[PDB]
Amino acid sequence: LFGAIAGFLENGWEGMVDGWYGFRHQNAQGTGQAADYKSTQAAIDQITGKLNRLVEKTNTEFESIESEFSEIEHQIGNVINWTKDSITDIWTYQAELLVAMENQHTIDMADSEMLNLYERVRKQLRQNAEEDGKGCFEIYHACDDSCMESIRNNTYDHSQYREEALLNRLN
């Protein structure tokens, strides 16, 4: 488990229907929401990777060893019954392990993609923002809509706001 999902992030955003992970922004002009494409796709791709493995179908051909419509000899009949039940107990066990293991990792992987997105933003902002502990960065200059798009588009130059941000941080 990484920190973010069901973690320092309080809850998910139902409103955001264009992606898995996103940005919500607050400035003098108002409030905006956008979804990060690369990080949600990175998560969707891994899931479909799993789904592809599941429906993998290279299969062995089996023929009948018990008759539906007639009696089979008692001793061999009992052996076939024991064998089939043993094979079934194994597959049932594997199907449960498979999904339990898979689900654990899918939940955790999604958490990691969120943390990675958060980390990527933290490093961009550098000395111009501080984190509030809830997934928000407090920016110590003014960030208009274009500046916000700057952060989501991964083109924010911190040394362009650094001076201002440093003395707003310190005073």
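So that there is no doubt, residue numbering starts at 1 and follows the sequence shown.
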Subject >> Between 141-149 and 66-74 (mean CA B-factor, as deposited), the higher >> reply: 141-149
**OP:** Going by the average Cα B-factor in the PDB entry, point out whether 100-108 or 35-43 comes out higher.
**Re:** 35-43
Original post:
What third of the chain, by the recorded C-alpha B-factor, contains residue 167?
Top reply: highest
Original post:
Lowest, middle or highest third: where is residue 59 by Cα B-factor in its chain?
Top reply: highest
Original post:
Lowest, middle or highest third of the chain for the C-alpha temperature factor of residue 28?
Top reply: highest
